Structure formats: C-alpha cells, structure tokens
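Each of two forms of one protein chain follows alone as structure tokens, named structure 1 and structure 2.
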Structure 1
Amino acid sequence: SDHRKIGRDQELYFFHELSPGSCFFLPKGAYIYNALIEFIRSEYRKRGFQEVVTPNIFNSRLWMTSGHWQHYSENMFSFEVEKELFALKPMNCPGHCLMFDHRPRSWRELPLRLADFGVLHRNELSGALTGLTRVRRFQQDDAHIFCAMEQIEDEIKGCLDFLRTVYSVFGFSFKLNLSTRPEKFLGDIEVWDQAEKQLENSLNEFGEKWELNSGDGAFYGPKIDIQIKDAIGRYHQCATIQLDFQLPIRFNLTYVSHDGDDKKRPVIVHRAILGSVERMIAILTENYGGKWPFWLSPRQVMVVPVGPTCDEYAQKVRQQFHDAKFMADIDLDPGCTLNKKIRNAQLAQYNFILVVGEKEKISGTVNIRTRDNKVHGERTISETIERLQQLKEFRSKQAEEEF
C-alpha cells in the first residue's frame, strides 16, 4: 500500500525531478489538501485560534535573533539580496514573535493563539527525499499560543482536547509522552518547574495514559509528544506541544499584567496536530488504501444514465449536486455498458453512484448504489442531497453504510 502509486492512479498528485522534495497536486489531490486545511480552520473557529499570513523570506538578522543560523543553517535555503543575506523560512515562529511585538499587549489579550498555514522550506538531502513523507516544501498546521505562566495549564487541556477531536474524526488512536528538562538547558529553573508541574497536572486531568521520559525535553523547553496509530497499525509522529521560554527572551517579548508589571515575559507554545499537510495526506492515503471518507473524497457522486434516452436528466441531476458543493461527475459515454460504468466508478473510488432510469426521470428521483455496491435503492434528489450534506458536515467515517 503505497501513496505514490495510489497518488498517480487517482490523479491526486505526482512528482518531478525539476523540483525534488516538492509535490504537484492535480485538482483532486488539491481538493483533499484544501479539505484538510478547512477542517482545521473550522476547529480553529470553535477553539479561539486566529489565522495570520506571514512573509516567506527574511533578512539574516531574524534567523540571527531566533537561533536558526547558529543551529539550523544547514537546513535552510539562503541567498544574497543587495549585499544582505536572506533565507526562506524553515518555521513560522519568529515572524509570529514579530507580530506579537508589533504593539504593546496586555493580560487581557492572553492567551493569544496565532495560526499559520504558510509555506515552509527545509533543505534535505536528495537521497533522503521520498514521496510526501520526506519533503523540502510543506504547509504545516502551525500555531503559537502566547500565554501567562499560569494559563498554561488550562491551555494544555485545550490542546489535548483539540488533538482528541481531530483524531476522533480520523479514527486514529494516540499515545502521550512527557519530555522534561534535560541536563543541558537554558532558562530559569523555577520557570521550568512550574511549567512542568502544570503540564503533568493537565496530563493527569486529561484522563488518558502517558509515559514520562524524564529529561528527553529540549534545551529551550519541556514538551508533550504525541504518537498516532492508524488502521494499518502504523505509528506516526505528527502532533506536538512544545513550550518555549527562550524565544520570548531573544525577541524581548513583554506584556502588561493586572498588577501593573509590564516587564513580564510570556510563554510560547508551539503546537501542531496534522504535522505537515503533505505527510498527513500520505498517511491518510495509505491508511485508507485510496478509499476515502465521503467528506475527504475528491470523487463523491458519479451520475450515470441508462441510455442517451435521458442524459438531459443526468445533466440536470449532476448540476443540482454540483451547486450543493459536492464533487460530482457524469458518464455519458454511449459506447459503455451500464454495469461497466458502475464498475469503473467503484474502481475509481466514487463514494456514491447515482443511476438514472425512466422512472428516475419521471418521478424526479435517483437510484443509489455504493462504491461497495450496496444499493440504497431509490430516493428523491432533495432527500439524497440533504442526507449527503449531513454525512459531509459531520465527517462520517463510513458514509456509504450509514446513509
């Protein structure tokens, strides 16, 4: 089960030597892409996240401040503009630190959750590059939570909840591990201790088992790492919750508290769930075997007529399903058998096959078979649309069966 082959055969995405580590998404794959993105966006609008758009290149002084030239230079594409150094952003964080520092901010605005889907480029060796799993270019579901030390606990709760929701939609399971302060660390030990206290507390509060790795954290902060398990029984590292006490210092971030102190530093929480959209597309592709849930599927409805007798009506049907914002196609080919068309639609992984006969044209109705050839028998166009939009909006895992 390979996402590259399945990628080619469904005309989702392909690859080319002219841009190694970067992907070409054909319209269907692009649909899947934007579908994932807007899923995350809906959840954002539930959870109080605010999306921003940031520059893709920056002067060397920013990667100076952030710690990227000292630490990350190898992975970064750099070039010289007007005698000054510039680089493509490997991460969204420093830009967001700039957005936070744009104007004086008070305690009233915290927690401030800034989200970015912006394009990230990382330099990775040509022989290391494979498919969508290891890539140079990717879009990440990225967010930074700026908060007071004390809000952190609640924030983490939210974070965990967020994860659950998303993965509950995919049907994935997950494992949690707490990586605490290592021997090599930068910061004030008190800050570390309170932070880790809150992390542990919200972890227990969450109610699910976790392991404590004791010193496997980073030098700039403690972290909660999350492993997801798919239906094939594969384990993936996708989501992350990473605290940062360093970045607010390096960029000199401050906020007004309620007791008047304006010199207070915030805590930065780097958070991601899907990881990168690309790698998540790979994972989902292999996990589903190319057989997509209705809400995620670039091929949703396939309209078939019984004969040229009634194409006019298939056309009207398909159009009515198109304006309902479904991905819907039609097979008008006179040189094909009805059974052959249905079989091809089911091989093309169309979730629902709507067959139209004479009774179908006369009564203003459609007849329904499924990708797995279940015949849900005859329905009104209105009813079919309503039920399908229910199964879409709720992102049902098996739609065909539950219809």
Structure 2
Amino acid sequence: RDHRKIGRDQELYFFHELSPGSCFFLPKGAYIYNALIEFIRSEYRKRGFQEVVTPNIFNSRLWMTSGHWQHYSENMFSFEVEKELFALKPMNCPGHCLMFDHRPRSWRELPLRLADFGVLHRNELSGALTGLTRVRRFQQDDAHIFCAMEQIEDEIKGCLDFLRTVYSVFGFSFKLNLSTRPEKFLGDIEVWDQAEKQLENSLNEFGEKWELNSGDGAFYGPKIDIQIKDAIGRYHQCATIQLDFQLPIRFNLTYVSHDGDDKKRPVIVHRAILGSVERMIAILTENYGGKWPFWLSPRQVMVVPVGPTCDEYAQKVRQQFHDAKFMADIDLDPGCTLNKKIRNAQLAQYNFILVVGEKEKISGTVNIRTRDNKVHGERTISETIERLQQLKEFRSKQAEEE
C-alpha cells in the first residue's frame, strides 16, 4: 500500500512543509533506520570495507575538478562563504578521492574499499518530491573501491555476491541491467568502450539474464543497475555498480606498483546496495505492510500484566528487555480485557506478547504469545532474552522460537 500512510500510522516517520524532500524519523522509525545501517556495517566487517566520515560542504573548485559542476550543477544546493562558492555534496566520491590522494598509496593496500553513510543533498523540483521515494536528503550505503586493473573482475564479482546475500536476508530477488554512455560524458570514448566491455563480460560470467539500459550510465562511467523485486510483485531501482576510469584522471590519482613498474592509476568502482536508507525504508514499509520481521521491528515485545497487581512486575520485565536492547513496550490500561489487549498488540504488529500474571511474577517467568497468535507458554525472562537475541542477531523470520 502507501509508505507515507503506514509510516504515519505506525508512528515511524512524517513529513513537514518546512522541510520538503526530507524526513522526520520518530523513535520507532529511527530504530529501523539504524538497524539497516548496522546490517550493512556487519557485512562490511566480513568483506574488507572500511567506514569513513567526510565533510558535507565543499568549495566549488572540488566539483569543478570532479566534473560534477559541469554535468551535475542543476542538482546541487550552492551558497557563498567569505566570497567563495560552496555546495552541499550530492555524492561522496570526490571526498573519497581526496582521501585516496591524501598520502602516497602502495599496490599492497589494494583493493581499498571506503564506505560512507554521509548525508547527501540533491535539489529535486518541488512538485516531483514524494515521501521517501523522491527526496532532497538521503544517506546511501555508499562505498568506493579503489583497485588495480587486474582486480576489477574479482571485485565486480564481489559486488554481485554481496548484493545477492543482502537481498536474500529480505527475501528479495533481482534483475540486472547494463547502462551505457549517456550524452554529457567525461573523457575518452575509447576508454568508455573498455569499461562497457568489462561490465558486459562480468554480467555474462555471473549467472543471470540482463538487459541494456542504453545511454543511462553516470557522467563518469557505465554501470550495472539492479532492480529488486519485492514480495508483492514490484521492481525498484536500488543498487548500482559503476566502473569509473575518469575520476582518477580528473584527480591525478596514482599508486606505487610492484617494484619496479611505474606508478599506475587506480580504478574506481562506485557501489550501493540498499541505494539509500530512505528509499529502502519506503520499499520495506510497503513490502511487509507494517508487519516487520523481528530484527527490523520497532515493536518487538509488548508486556501485558494479567491485572493491576502485576503492574510493577510487568514494568520490571519491560525494563529488562529494554536494557537488553529490544524495542519493548507495556500495556497497563485497566479498562480492557486481557484478550482485548493481546489482540490489540497483535494488530499493532508486535512480534511477541509477553503475558505476566501472579504465577509469572513469583517465578521470574513470562507467558509467550506470538503476533500470529501462537502460544509457546512459560519461559524465564533470561532464556527469552537469550532466544530473542539469536533471532535478532541472525535477522530471521520469527515463527522459529523453538
């Protein structure tokens, strides 16, 4: 259905006229935002990606150097500072190039994979802006791979595999596209043809069917564009793999090669899997219809006292799950039946409802019910925490509590 509506109703996020094309993520929405980042970071840690932090604001001269100013000026927020033109970054690459270039580099560091969740700004038109789908502010799960010519093949394979494992945690399939030199391109047509050839070859050595997106490459290189299929039937433009021979020439990037070859230029692969956190929250909100899987759920645990004499104990249980990092709420409202409250928490999409009466208070236990109304019965607080930690850590689908 509609992410804007669900995000509003579930108290995840909202939009305000004083900041069009940006989003206000309420506590429950920020939890989803951060869990998506943690998910990506945890993959980075097994794949040799290293997170960095960069500026948001740069002198126009940087954008001139990178050719962003020439090709991409329509889309940037510029202002002046002590009589010099500055602009909010729309992409992280040029910053990353300064980082590669900061000190001399050795072949031994390659591939160098720099990741960045920094906030980007693109000046889309007022009337084109919509929800989390077309925006002015976003954070990508961005990274730039700086590598040698001989590493290109393996790194592209690496990107496709990473992308497959990521979307398989959501349960998503995907389709592949090859995007060709646009008009408004940078550098040499013959260099671009090498770049297109290599992407083509990488596409054919990977399993899958692919189509041509004629003329849709970035100004700096051709790309593999990946559309994801959600559980409903919709395709979304999320991921890219972009082969860039042009920026290294622009920034005069070099590394020291095997001794004694001369210095060479690094190759740059731009990539993003989620695309932007914002776009991906949109997609997921609609995909699950608010029925979040446990690790993504900002409603993990509802604690329900049987009656008001078990209130304080319910508060204790709720605090314990809270302190163990779960999104845990409590329903003390005396006006409704136990069964009504269980049903409400279930309609509000809580994964686990923990019922607490006298007998549970006395023994430090909980009576477990799931979202889909499965009864698992009595377990201690600690064992419940332990088992729920596994389900979260492994990012599964929680009809598996046994």
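FYI, numbering is relative to structure 1, first residue = 1. Basically, rigid core = biggest C-alpha set you can superpose within 1.5 Å across the two forms.
Residue showing a CA shift of 2 Å or more between structure 1 and structure 2 (rigid core superposed; candidates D101, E150, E124, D193): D193.
Taking 2 Å as the criterion, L26 does not count as shifted between structure 1 and structure 2: its C-alpha moves by less than this amount when the rigid core is aligned. Once both forms are overlaid on the rigid core, the distance between the two CA positions of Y235 between structure 1 and structure 2 is under 2 angstroms. Core-superposed comparison between structure 1 and structure 2: the C-alpha position of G289 differs by less than 2 Å.
Once the two forms are overlaid on the core, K184 shows a Cα shift of 8.4 Å between structure 1 and structure 2. Taking the core as the fixed frame between structure 1 and structure 2, we note the C-alpha of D372 moving 1.4 angstrom. The Cα position of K209 changes by 3.5 Å between structure 1 and structure 2 once both are aligned on the rigid core.
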